[PDB]
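Enquirer: Okay, handing you the structure first.
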Amino acid sequence: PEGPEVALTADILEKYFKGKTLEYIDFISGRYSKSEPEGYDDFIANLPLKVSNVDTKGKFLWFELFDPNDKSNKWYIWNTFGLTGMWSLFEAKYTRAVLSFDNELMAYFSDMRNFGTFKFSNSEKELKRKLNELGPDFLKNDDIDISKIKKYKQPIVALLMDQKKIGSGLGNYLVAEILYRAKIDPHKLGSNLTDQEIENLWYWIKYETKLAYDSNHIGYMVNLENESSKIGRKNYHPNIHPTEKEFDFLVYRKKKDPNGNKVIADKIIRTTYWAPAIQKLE
């Protein structure tokens, strides 16, 4: 799951859990069933708490809760999906965390590879510190200044995979997909891109993140496909209007691109997928 999916999951999470009271949280399996996450004990000790928001910045999602009584006692659940982590409203395979709300309302977090993380915190300054570790959200921010890519003498791949340098939220398939549209070889240094390519890249980044966010599901998140098709969508990047109704991988994990051209499973700074036949260093 990348930026777009995390944001859509937060949307769905607020839709059903915003305003609800979190009664209990249980890690029944995985990397935390052995030794619970940081701040876990101090957390279930302040429960019950009301959920006031479920927000994201890039690939980082967090719950914001407040003590019914002492509203100055604010709590937060830091969370990252990782390669296979997904939220759901029914107990799915590899469920790792189980959240119990009032009126027997349940919410689950599955994660086959166990790359997702949790952390409970009672500090708001610690949140701001975390959110400050991420560059602007490539999907929610409609006016990032992609121009600073020139100042860096490093691969365009690395620059987009980075979560702080230019913006946050792009991952393995978004970068690969975006670069394929801009027809830019992933090896091309940010310092070698032309003002043209730059404003061209800023276009596909917006285009791809919006299309991804607008998709019912991507591959994972299929556990929320019924909720996803029943919830609207925020107008991020309100001027770029993707044409396809669903997000389709053109190069990601594809032996050949659409037109047949070969797609190399290159592996520069996991594997980045690109079609040398269409992506140029020019």
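Identifiers in this document derive from the order of the structure tokens: chains are assigned A, B, ..., residues are numbered from 1 separately in each chain, and ligands are numbered from 1 in order of occurrence.
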Fewer than 5 positions away in the same chain doesn't count, so skip those; otherwise give me all residues within 10 Å of residue 229 in chain A, counting only C-alpha atoms, as a list in words.
Expert: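 So, after excluding close chain neighbours, the residues are residues 214, 215, 216, 217 and 224 of chain A.
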Enquirer: Would you mind exporting N, CA, C and O atoms of the selected residues as an mmCIF file, in the first residue's frame?
Expert:
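Ended up saving to out_29.cif:
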data_model
loop_
_atom_site.group_PDB
_atom_site.id
_atom_site.type_symbol
_atom_site.label_atom_id
_atom_site.label_comp_id
_atom_site.auth_asym_id
_atom_site.auth_seq_id
_atom_site.Cartn_x
_atom_site.Cartn_y
_atom_site.Cartn_z
ATOM 1 N N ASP A 214 -8.537 7.358 -6.536
ATOM 2 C CA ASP A 214 -9.894 7.199 -7.023
ATOM 3 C C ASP A 214 -10.280 5.766 -7.358
ATOM 4 O O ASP A 214 -11.443 5.489 -7.613
ATOM 5 N N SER A 215 -9.317 4.854 -7.360
ATOM 6 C CA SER A 215 -9.622 3.461 -7.676
ATOM 7 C C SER A 215 -10.271 2.712 -6.525
ATOM 8 O O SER A 215 -9.965 2.940 -5.348
ATOM 9 N N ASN A 216 -11.179 1.813 -6.874
ATOM 10 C CA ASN A 216 -11.861 1.014 -5.878
ATOM 11 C C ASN A 216 -10.824 0.314 -4.996
ATOM 12 O O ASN A 216 -10.905 0.351 -3.767
ATOM 13 N N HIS A 217 -9.849 -0.323 -5.632
ATOM 14 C CA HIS A 217 -8.778 -1.009 -4.915
ATOM 15 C C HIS A 217 -7.573 -1.035 -5.858
ATOM 16 O O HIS A 217 -7.698 -0.679 -7.026
ATOM 17 N N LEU A 224 -11.269 -3.822 1.627
ATOM 18 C CA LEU A 224 -12.123 -2.669 1.847
ATOM 19 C C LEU A 224 -12.813 -2.265 0.548
ATOM 20 O O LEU A 224 -13.299 -1.150 0.425
#
Enquirer: Quick one: DSSP strand (DSSP E) residues in range 63-273 of chain A, as a PDB file with N, CA, C and O atoms, in the first residue's frame?
Expert:
ATOM      1  N   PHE A  63      -4.227   7.617  14.276  1.00  0.00           N
ATOM      2  CA  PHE A  63      -5.542   7.839  14.877  1.00  0.00           C
ATOM      3  C   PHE A  63      -5.324   8.916  15.939  1.00  0.00           C
ATOM      4  O   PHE A  63      -4.271   8.974  16.581  1.00  0.00           O
ATOM      5  N   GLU A  64      -6.330   9.751  16.134  1.00  0.00           N
ATOM      6  CA  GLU A  64      -6.253  10.803  17.125  1.00  0.00           C
ATOM      7  C   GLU A  64      -7.430  10.557  18.048  1.00  0.00           C
ATOM      8  O   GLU A  64      -8.577  10.557  17.614  1.00  0.00           O
ATOM      9  N   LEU A  65      -7.146  10.324  19.319  1.00  0.00           N
ATOM     10  CA  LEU A  65      -8.201  10.066  20.277  1.00  0.00           C
ATOM     11  C   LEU A  65      -8.094  11.034  21.443  1.00  0.00           C
ATOM     12  O   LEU A  65      -7.029  11.605  21.696  1.00  0.00           O
ATOM     13  N   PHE A  66      -9.202  11.236  22.145  1.00  0.00           N
ATOM     14  CA  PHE A  66      -9.206  12.128  23.295  1.00  0.00           C
ATOM     15  C   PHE A  66      -9.994  11.509  24.444  1.00  0.00           C
ATOM     16  O   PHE A  66     -10.978  10.805  24.225  1.00  0.00           O
ATOM     17  N   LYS A  74      -4.817  13.806  25.129  1.00  0.00           N
ATOM     18  CA  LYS A  74      -4.931  13.345  23.759  1.00  0.00           C
ATOM     19  C   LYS A  74      -4.007  12.176  23.473  1.00  0.00           C
ATOM     20  O   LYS A  74      -2.840  12.209  23.834  1.00  0.00           O
ATOM     21  N   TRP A  75      -4.529  11.146  22.817  1.00  0.00           N
ATOM     22  CA  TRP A  75      -3.728   9.974  22.467  1.00  0.00           C
ATOM     23  C   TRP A  75      -3.670   9.732  20.962  1.00  0.00           C
ATOM     24  O   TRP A  75      -4.569  10.134  20.227  1.00  0.00           O
ATOM     25  N   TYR A  76      -2.609   9.066  20.511  1.00  0.00           N
ATOM     26  CA  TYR A  76      -2.419   8.794  19.087  1.00  0.00           C
ATOM     27  C   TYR A  76      -1.899   7.403  18.775  1.00  0.00           C
ATOM     28  O   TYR A  76      -1.061   6.866  19.495  1.00  0.00           O
ATOM     29  N   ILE A  77      -2.395   6.832  17.682  1.00  0.00           N
ATOM     30  CA  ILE A  77      -1.959   5.521  17.223  1.00  0.00           C
ATOM     31  C   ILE A  77      -1.211   5.734  15.899  1.00  0.00           C
ATOM     32  O   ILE A  77      -1.818   6.018  14.876  1.00  0.00           O
ATOM     33  N   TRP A  78       0.110   5.625  15.931  1.00  0.00           N
ATOM     34  CA  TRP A  78       0.929   5.783  14.737  1.00  0.00           C
ATOM     35  C   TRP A  78       0.849   4.452  14.014  1.00  0.00           C
ATOM     36  O   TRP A  78       0.906   3.409  14.650  1.00  0.00           O
ATOM     37  N   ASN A  79       0.740   4.475  12.694  1.00  0.00           N
ATOM     38  CA  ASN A  79       0.602   3.229  11.951  1.00  0.00           C
ATOM     39  C   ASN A  79       1.091   3.315  10.508  1.00  0.00           C
ATOM     40  O   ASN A  79       0.825   4.293   9.814  1.00  0.00           O
ATOM     41  N   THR A  80       1.823   2.293  10.067  1.00  0.00           N
ATOM     42  CA  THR A  80       2.292   2.231   8.691  1.00  0.00           C
ATOM     43  C   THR A  80       1.934   0.834   8.180  1.00  0.00           C
ATOM     44  O   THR A  80       2.192  -0.163   8.840  1.00  0.00           O
ATOM     45  N   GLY A  85       0.237  -4.829   4.884  1.00  0.00           N
ATOM     46  CA  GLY A  85      -0.763  -4.458   5.865  1.00  0.00           C
ATOM     47  C   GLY A  85      -2.008  -3.808   5.288  1.00  0.00           C
ATOM     48  O   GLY A  85      -1.911  -2.889   4.481  1.00  0.00           O
ATOM     49  N   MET A  86      -3.179  -4.296   5.691  1.00  0.00           N
ATOM     50  CA  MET A  86      -4.437  -3.718   5.244  1.00  0.00           C
ATOM     51  C   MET A  86      -5.494  -3.696   6.360  1.00  0.00           C
ATOM     52  O   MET A  86      -5.528  -4.582   7.216  1.00  0.00           O
ATOM     53  N   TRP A  87      -6.326  -2.660   6.383  1.00  0.00           N
ATOM     54  CA  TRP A  87      -7.367  -2.573   7.396  1.00  0.00           C
ATOM     55  C   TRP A  87      -8.625  -3.212   6.831  1.00  0.00           C
ATOM     56  O   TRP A  87      -8.761  -3.330   5.618  1.00  0.00           O
ATOM     57  N   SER A  88      -9.536  -3.642   7.699  1.00  0.00           N
ATOM     58  CA  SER A  88     -10.784  -4.248   7.235  1.00  0.00           C
ATOM     59  C   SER A  88     -11.823  -4.228   8.341  1.00  0.00           C
ATOM     60  O   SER A  88     -11.501  -4.028   9.514  1.00  0.00           O
ATOM     61  N   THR A  95      -4.987 -11.638  10.362  1.00  0.00           N
ATOM     62  CA  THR A  95      -5.363 -10.486  11.174  1.00  0.00           C
ATOM     63  C   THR A  95      -4.331 -10.383  12.287  1.00  0.00           C
ATOM     64  O   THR A  95      -4.016 -11.375  12.942  1.00  0.00           O
ATOM     65  N   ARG A  96      -3.786  -9.185  12.482  1.00  0.00           N
ATOM     66  CA  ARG A  96      -2.782  -8.978  13.513  1.00  0.00           C
ATOM     67  C   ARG A  96      -3.324  -8.193  14.686  1.00  0.00           C
ATOM     68  O   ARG A  96      -3.064  -8.535  15.830  1.00  0.00           O
ATOM     69  N   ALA A  97      -4.062  -7.125  14.413  1.00  0.00           N
ATOM     70  CA  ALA A  97      -4.611  -6.326  15.498  1.00  0.00           C
ATOM     71  C   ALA A  97      -6.123  -6.356  15.436  1.00  0.00           C
ATOM     72  O   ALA A  97      -6.706  -6.412  14.358  1.00  0.00           O
ATOM     73  N   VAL A  98      -6.751  -6.350  16.605  1.00  0.00           N
ATOM     74  CA  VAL A  98      -8.202  -6.364  16.703  1.00  0.00           C
ATOM     75  C   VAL A  98      -8.620  -5.191  17.575  1.00  0.00           C
ATOM     76  O   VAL A  98      -8.213  -5.094  18.739  1.00  0.00           O
ATOM     77  N   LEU A  99      -9.410  -4.287  17.007  1.00  0.00           N
ATOM     78  CA  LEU A  99      -9.871  -3.123  17.753  1.00  0.00           C
ATOM     79  C   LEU A  99     -11.353  -3.245  18.070  1.00  0.00           C
ATOM     80  O   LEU A  99     -12.180  -3.502  17.185  1.00  0.00           O
ATOM     81  N   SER A 100     -11.684  -3.055  19.341  1.00  0.00           N
ATOM     82  CA  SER A 100     -13.071  -3.139  19.791  1.00  0.00           C
ATOM     83  C   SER A 100     -13.659  -1.766  20.163  1.00  0.00           C
ATOM     84  O   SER A 100     -13.107  -1.037  20.988  1.00  0.00           O
ATOM     85  N   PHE A 101     -14.785  -1.421  19.555  1.00  0.00           N
ATOM     86  CA  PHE A 101     -15.432  -0.155  19.846  1.00  0.00           C
ATOM     87  C   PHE A 101     -16.765  -0.418  20.552  1.00  0.00           C
ATOM     88  O   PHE A 101     -17.171  -1.568  20.724  1.00  0.00           O
ATOM     89  N   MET A 106     -16.379  -3.683  15.335  1.00  0.00           N
ATOM     90  CA  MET A 106     -14.992  -4.119  15.202  1.00  0.00           C
ATOM     91  C   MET A 106     -14.253  -3.535  13.998  1.00  0.00           C
ATOM     92  O   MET A 106     -14.862  -3.196  12.979  1.00  0.00           O
ATOM     93  N   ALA A 107     -12.930  -3.463  14.122  1.00  0.00           N
ATOM     94  CA  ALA A 107     -12.057  -2.992  13.055  1.00  0.00           C
ATOM     95  C   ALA A 107     -10.786  -3.839  13.141  1.00  0.00           C
ATOM     96  O   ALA A 107     -10.238  -4.037  14.228  1.00  0.00           O
ATOM     97  N   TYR A 108     -10.312  -4.338  12.002  1.00  0.00           N
ATOM     98  CA  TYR A 108      -9.133  -5.197  11.995  1.00  0.00           C
ATOM     99  C   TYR A 108      -8.001  -4.717  11.095  1.00  0.00           C
ATOM    100  O   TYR A 108      -8.223  -3.989  10.123  1.00  0.00           O
ATOM    101  N   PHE A 109      -6.785  -5.145  11.425  1.00  0.00           N
ATOM    102  CA  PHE A 109      -5.599  -4.814  10.646  1.00  0.00           C
ATOM    103  C   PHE A 109      -4.806  -6.080  10.305  1.00  0.00           C
ATOM    104  O   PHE A 109      -4.129  -6.631  11.171  1.00  0.00           O
ATOM    105  N   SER A 110      -4.892  -6.536   9.055  1.00  0.00           N
ATOM    106  CA  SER A 110      -4.163  -7.730   8.612  1.00  0.00           C
ATOM    107  C   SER A 110      -2.789  -7.357   8.047  1.00  0.00           C
ATOM    108  O   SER A 110      -2.599  -6.246   7.558  1.00  0.00           O
ATOM    109  N   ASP A 111      -1.831  -8.277   8.114  1.00  0.00           N
ATOM    110  CA  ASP A 111      -0.483  -7.991   7.622  1.00  0.00           C
ATOM    111  C   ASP A 111       0.352  -9.261   7.454  1.00  0.00           C
ATOM    112  O   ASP A 111       1.198  -9.575   8.290  1.00  0.00           O
ATOM    113  N   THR A 117       3.724  -1.284  11.210  1.00  0.00           N
ATOM    114  CA  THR A 117       4.124  -0.924  12.554  1.00  0.00           C
ATOM    115  C   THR A 117       3.018  -0.176  13.269  1.00  0.00           C
ATOM    116  O   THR A 117       2.153   0.444  12.643  1.00  0.00           O
ATOM    117  N   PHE A 118       3.061  -0.252  14.593  1.00  0.00           N
ATOM    118  CA  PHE A 118       2.121   0.440  15.459  1.00  0.00           C
ATOM    119  C   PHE A 118       2.954   1.096  16.538  1.00  0.00           C
ATOM    120  O   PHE A 118       4.090   0.691  16.798  1.00  0.00           O
ATOM    121  N   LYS A 119       2.386   2.118  17.155  1.00  0.00           N
ATOM    122  CA  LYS A 119       3.053   2.830  18.222  1.00  0.00           C
ATOM    123  C   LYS A 119       2.000   3.743  18.811  1.00  0.00           C
ATOM    124  O   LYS A 119       1.271   4.400  18.081  1.00  0.00           O
ATOM    125  N   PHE A 120       1.910   3.763  20.131  1.00  0.00           N
ATOM    126  CA  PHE A 120       0.929   4.587  20.812  1.00  0.00           C
ATOM    127  C   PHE A 120       1.663   5.702  21.535  1.00  0.00           C
ATOM    128  O   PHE A 120       2.635   5.454  22.231  1.00  0.00           O
ATOM    129  N   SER A 121       1.204   6.933  21.357  1.00  0.00           N
ATOM    130  CA  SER A 121       1.856   8.077  21.971  1.00  0.00           C
ATOM    131  C   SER A 121       0.854   9.039  22.604  1.00  0.00           C
ATOM    132  O   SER A 121      -0.273   9.168  22.132  1.00  0.00           O
TER     133      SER A 121
END
Enquirer: Leaving out residue 237 in chain A and any residue of its chain fewer than 5 positions from it, which residues lie within 12 Å of it when counting only C-alpha atoms, given as number ranges by chain?
Expert: A: 137-144, 202-211, 213-214, 242
Enquirer: Restricting the calculation to only C-alpha atoms: of A:104, A:124, A:11, A:2, which residue gets closest to residue 81 in chain A?
Expert: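 Once distances to residue 81 in chain A are computed over only C-alpha atoms, the minimum belongs to A:2.
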Enquirer: Could you produce a table of the residues of range 109-192 of chain A lying within 8 Å of range 246-251 of chain A, with the nearest pair of atoms per residue and their separation in Å rounded to one decimal, using only C-alpha atoms, ordered by chain and increasing residue number, as a Markdown table?
Expert:
| residue | atom | partner | partner_atom | distance |
| --- | --- | --- | --- | --- |
| A:173 | CA | A:249 | CA | 7.9 |
| A:176 | CA | A:251 | CA | 7.0 |
| A:177 | CA | A:251 | CA | 6.2 |
| A:180 | CA | A:251 | CA | 7.2 |
Enquirer: Using only C-alpha atoms, find the one residue out of A:84, A:72, A:29, A:114 that sits nearest to residue 6 in chain A.
Expert: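 Once distances to residue 6 in chain A are computed over only C-alpha atoms, the minimum belongs to A:84.
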Enquirer: According to DSSP computed on the backbone, where in range 41-212 of chain A is there alpha helix (DSSP H)? Give the residues as an MDAnalysis selection string.
Expert: chainID A and resid 41:44 125:131 156:161 172:182 195:212
Enquirer: Restricting the calculation to only C-alpha atoms, which member of A:52, A:172, A:226, A:196 is positioned closest to residue 265 in chain A?
Expert: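 Among A:52, A:172, A:226, A:196, it is A:172 that comes nearest to residue 265 in chain A.
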Enquirer: Set the distance at 9 Å and use only C-alpha atoms: which residues neighbour residue 160 in chain A once local chain neighbours fewer than 3 positions away are removed? I'd like the list as a PDB file with N, CA and C atoms, in the first residue's frame.
Expert:
ATOM      1  N   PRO A 155      19.719   9.994  -8.703  1.00  0.00           N
ATOM      2  CA  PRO A 155      18.650   9.326  -9.455  1.00  0.00           C
ATOM      3  C   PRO A 155      17.214   9.767  -9.130  1.00  0.00           C
ATOM      4  N   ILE A 156      16.449  10.022 -10.186  1.00  0.00           N
ATOM      5  CA  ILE A 156      15.073  10.458 -10.057  1.00  0.00           C
ATOM      6  C   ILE A 156      14.259   9.435  -9.273  1.00  0.00           C
ATOM      7  N   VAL A 157      14.668   8.168  -9.333  1.00  0.00           N
ATOM      8  CA  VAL A 157      13.962   7.118  -8.607  1.00  0.00           C
ATOM      9  C   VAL A 157      14.086   7.408  -7.128  1.00  0.00           C
ATOM     10  N   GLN A 163      10.847   9.897   1.191  1.00  0.00           N
ATOM     11  CA  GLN A 163       9.613  10.432   1.756  1.00  0.00           C
ATOM     12  C   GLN A 163       9.721  11.857   2.289  1.00  0.00           C
ATOM     13  N   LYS A 165      12.596  14.400   0.870  1.00  0.00           N
ATOM     14  CA  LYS A 165      13.229  15.318  -0.086  1.00  0.00           C
ATOM     15  C   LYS A 165      12.325  16.202  -0.939  1.00  0.00           C
ATOM     16  N   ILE A 166      11.373  15.606  -1.653  1.00  0.00           N
ATOM     17  CA  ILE A 166      10.464  16.393  -2.484  1.00  0.00           C
ATOM     18  C   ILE A 166       9.037  16.309  -1.961  1.00  0.00           C
ATOM     19  N   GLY A 167       8.601  15.094  -1.655  1.00  0.00           N
ATOM     20  CA  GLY A 167       7.252  14.886  -1.148  1.00  0.00           C
ATOM     21  C   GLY A 167       7.082  13.480  -0.609  1.00  0.00           C
ATOM     22  N   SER A 168       5.991  13.247   0.101  1.00  0.00           N
ATOM     23  CA  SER A 168       5.773  11.927   0.676  1.00  0.00           C
ATOM     24  C   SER A 168       4.590  11.180   0.067  1.00  0.00           C
ATOM     25  N   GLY A 169       4.655   9.851   0.132  1.00  0.00           N
ATOM     26  CA  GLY A 169       3.568   9.033  -0.377  1.00  0.00           C
ATOM     27  C   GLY A 169       3.861   8.098  -1.538  1.00  0.00           C
ATOM     28  N   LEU A 170       4.846   8.431  -2.365  1.00  0.00           N
ATOM     29  CA  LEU A 170       5.183   7.589  -3.509  1.00  0.00           C
ATOM     30  C   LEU A 170       5.949   6.347  -3.092  1.00  0.00           C
ATOM     31  N   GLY A 171       5.620   5.237  -3.736  1.00  0.00           N
ATOM     32  CA  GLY A 171       6.268   3.982  -3.431  1.00  0.00           C
ATOM     33  C   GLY A 171       6.702   3.269  -4.694  1.00  0.00           C
ATOM     34  N   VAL A 175       6.090   5.275  -8.329  1.00  0.00           N
ATOM     35  CA  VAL A 175       7.274   5.805  -8.992  1.00  0.00           C
ATOM     36  C   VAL A 175       7.445   5.139 -10.363  1.00  0.00           C
TER      37      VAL A 175
END
